[PDB]
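Structure file input-v3.cif (mmCIF, C-alpha atoms; chains and numbers go by the auth columns) follows.
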data_upload
#
loop_
_atom_site.group_PDB
_atom_site.id
_atom_site.type_symbol
_atom_site.label_atom_id
_atom_site.label_comp_id
_atom_site.label_asym_id
_atom_site.label_seq_id
_atom_site.Cartn_x
_atom_site.Cartn_y
_atom_site.Cartn_z
_atom_site.B_iso_or_equiv
_atom_site.auth_seq_id
_atom_site.auth_asym_id
ATOM 1 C CA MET A 1 87.027 80.494 97.760 0.00 1 A
ATOM 2 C CA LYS A 2 89.658 82.542 95.775 0.00 2 A
ATOM 3 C CA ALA A 3 88.842 81.001 92.275 0.00 3 A
ATOM 4 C CA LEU A 4 90.441 83.686 90.005 0.00 4 A
ATOM 5 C CA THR A 5 92.604 84.013 86.802 0.00 5 A
ATOM 6 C CA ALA A 6 96.189 85.468 87.420 0.00 6 A
ATOM 7 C CA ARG A 7 95.453 89.007 85.919 0.00 7 A
ATOM 8 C CA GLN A 8 92.126 89.301 87.972 0.00 8 A
ATOM 9 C CA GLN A 9 94.045 87.971 91.141 0.00 9 A
ATOM 10 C CA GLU A 10 96.721 90.791 90.817 0.00 10 A
ATOM 11 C CA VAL A 11 93.839 93.456 90.400 0.00 11 A
ATOM 12 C CA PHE A 12 92.282 91.974 93.693 0.00 12 A
ATOM 13 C CA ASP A 13 95.768 92.293 95.436 0.00 13 A
ATOM 14 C CA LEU A 14 96.038 96.033 94.274 0.00 14 A
ATOM 15 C CA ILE A 15 92.762 96.700 96.331 0.00 15 A
ATOM 16 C CA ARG A 16 94.639 95.351 99.499 0.00 16 A
ATOM 17 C CA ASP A 17 98.099 96.947 98.590 0.00 17 A
ATOM 18 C CA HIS A 18 96.746 100.583 97.961 0.00 18 A
ATOM 19 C CA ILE A 19 94.803 100.358 101.368 0.00 19 A
ATOM 20 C CA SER A 20 97.942 98.953 103.276 0.00 20 A
ATOM 21 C CA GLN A 21 100.780 101.102 101.624 0.00 21 A
ATOM 22 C CA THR A 22 98.746 104.486 101.441 0.00 22 A
ATOM 23 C CA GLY A 23 95.067 104.298 102.766 0.00 23 A
ATOM 24 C CA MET A 24 92.685 104.701 99.725 0.00 24 A
ATOM 25 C CA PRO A 25 91.265 101.961 97.231 0.00 25 A
ATOM 26 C CA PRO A 26 92.548 102.355 93.527 0.00 26 A
ATOM 27 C CA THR A 27 91.074 103.982 90.362 0.00 27 A
ATOM 28 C CA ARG A 28 91.215 102.263 86.853 0.00 28 A
ATOM 29 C CA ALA A 29 94.161 104.647 85.912 0.00 29 A
ATOM 30 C CA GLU A 30 96.068 103.518 89.155 0.00 30 A
ATOM 31 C CA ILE A 31 95.404 99.778 88.175 0.00 31 A
ATOM 32 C CA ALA A 32 96.846 100.693 84.641 0.00 32 A
ATOM 33 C CA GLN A 33 100.104 102.276 86.116 0.00 33 A
ATOM 34 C CA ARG A 34 101.303 99.155 88.186 0.00 34 A
ATOM 35 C CA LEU A 35 100.131 96.198 85.903 0.00 35 A
ATOM 36 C CA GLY A 36 100.627 97.918 82.427 0.00 36 A
ATOM 37 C CA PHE A 37 97.138 98.326 80.852 0.00 37 A
ATOM 38 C CA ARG A 38 97.173 100.472 77.588 0.00 38 A
ATOM 39 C CA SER A 39 94.031 102.517 78.680 0.00 39 A
ATOM 40 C CA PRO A 40 91.342 102.554 81.620 0.00 40 A
ATOM 41 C CA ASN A 41 88.914 100.587 79.294 0.00 41 A
ATOM 42 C CA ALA A 42 91.175 97.419 79.667 0.00 42 A
ATOM 43 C CA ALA A 43 91.676 97.910 83.517 0.00 43 A
ATOM 44 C CA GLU A 44 87.812 98.124 84.128 0.00 44 A
ATOM 45 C CA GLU A 45 87.159 94.618 82.491 0.00 45 A
ATOM 46 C CA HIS A 46 88.959 92.634 85.343 0.00 46 A
ATOM 47 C CA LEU A 47 87.452 95.062 88.043 0.00 47 A
ATOM 48 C CA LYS A 48 83.805 94.292 86.839 0.00 48 A
ATOM 49 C CA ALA A 49 84.556 90.472 86.401 0.00 49 A
ATOM 50 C CA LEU A 50 85.818 90.334 90.094 0.00 50 A
ATOM 51 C CA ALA A 51 82.409 91.941 91.185 0.00 51 A
ATOM 52 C CA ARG A 52 80.370 89.464 88.931 0.00 52 A
ATOM 53 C CA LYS A 53 82.259 86.535 90.694 0.00 53 A
ATOM 54 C CA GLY A 54 81.288 88.067 94.180 0.00 54 A
ATOM 55 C CA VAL A 55 84.761 89.104 95.615 0.00 55 A
ATOM 56 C CA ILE A 56 84.664 93.053 95.509 0.00 56 A
ATOM 57 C CA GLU A 57 81.922 95.787 95.969 0.00 57 A
ATOM 58 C CA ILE A 58 82.455 99.016 93.843 0.00 58 A
ATOM 59 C CA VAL A 59 80.492 102.207 94.941 0.00 59 A
ATOM 60 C CA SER A 60 78.289 103.901 92.213 0.00 60 A
ATOM 61 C CA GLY A 61 79.490 107.574 92.514 0.00 61 A
ATOM 62 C CA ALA A 62 82.930 108.104 94.177 0.00 62 A
ATOM 63 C CA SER A 63 85.856 106.871 91.925 0.00 63 A
ATOM 64 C CA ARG A 64 88.109 105.574 94.837 0.00 64 A
ATOM 65 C CA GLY A 65 85.562 103.305 96.689 0.00 65 A
ATOM 66 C CA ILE A 66 86.129 99.496 96.476 0.00 66 A
ATOM 67 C CA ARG A 67 85.295 97.242 99.543 0.00 67 A
ATOM 68 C CA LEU A 68 86.638 93.592 99.437 0.00 68 A
ATOM 69 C CA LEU A 69 83.957 90.910 100.251 0.00 69 A
ATOM 70 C CA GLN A 70 86.284 87.804 100.056 0.00 70 A
ATOM 71 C CA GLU A 71 89.544 87.724 102.198 0.00 71 A
ATOM 72 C CA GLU A 72 88.673 90.764 104.502 0.00 72 A
#
Once you've parsed the file, please lay out its structure as structure tokens.
Amino acid sequence: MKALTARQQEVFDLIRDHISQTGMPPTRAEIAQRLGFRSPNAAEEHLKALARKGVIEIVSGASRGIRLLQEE
């Protein structure tokens, strides 16, 4: 079940692409640099809506720590 809007679906793919092309999961400023979000306050809104749907787990403490629940 990948039932997502196109801007949320590209934020989910940036979790997989920063792991596969470097090694670490992305911050809200790294989400803003590839997609074009005007500040980290707009990049966090799709990141928390993906967790409310049940597809990604964000750690409360370390800024680069996002485990994907759906897909892998």
Neighbours of residue 68 (chain A) within 12 Å (all atoms listed in the file; same-chain residues fewer than 2 positions away dropped), as JSON, numbers by chain? {"A": [11, 12, 13, 14, 15, 16, 17, 19, 25, 47, 50, 51, 54, 55, 56, 57, 58, 59, 65, 66, 70, 71, 72]}
Would you mind reading off the distance between CA of residue 42 (chain A) and CA of residue 60 (chain A), one decimal, in Å? 19.1 Å
Pairwise distance, CA of residue 67 (chain A) with CA of residue 26 (chain A), equals 10.7 Å
Quick check on the file I pasted: which residues fall under the PyMOL selection byres ((chain A and resi 43) around 10)? Write them as a PyMOL selection string. chain A and resi 7-8+11+27-33+35-42+44-48
How would the residues just chosen look if you wrote them out with C-alpha atoms as a compact mmCIF listing (two decimals), in the coordinates of the input?
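Final output, part18.txt:
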# COMPACT_ATOMS: atom_id res chain seq x y z
CA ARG A 7 95.45 89.01 85.92
CA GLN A 8 92.13 89.30 87.97
CA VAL A 11 93.84 93.46 90.40
CA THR A 27 91.07 103.98 90.36
CA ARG A 28 91.22 102.26 86.85
CA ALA A 29 94.16 104.65 85.91
CA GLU A 30 96.07 103.52 89.16
CA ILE A 31 95.40 99.78 88.18
CA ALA A 32 96.85 100.69 84.64
CA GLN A 33 100.10 102.28 86.12
CA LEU A 35 100.13 96.20 85.90
CA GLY A 36 100.63 97.92 82.43
CA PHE A 37 97.14 98.33 80.85
CA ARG A 38 97.17 100.47 77.59
CA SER A 39 94.03 102.52 78.68
CA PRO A 40 91.34 102.55 81.62
CA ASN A 41 88.91 100.59 79.29
CA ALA A 42 91.18 97.42 79.67
CA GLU A 44 87.81 98.12 84.13
CA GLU A 45 87.16 94.62 82.49
CA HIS A 46 88.96 92.63 85.34
CA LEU A 47 87.45 95.06 88.04
CA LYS A 48 83.80 94.29 86.84
Length of the CA of residue 63 (chain A) to CA of residue 9 (chain A) vector [Å]: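 So the answer is 20.6 Å.
When all atoms listed in the file are used to measure the gap to residue 24 (chain A), the shortest distance among A:49, A:1, A:6, A:62 belongs to A:62.
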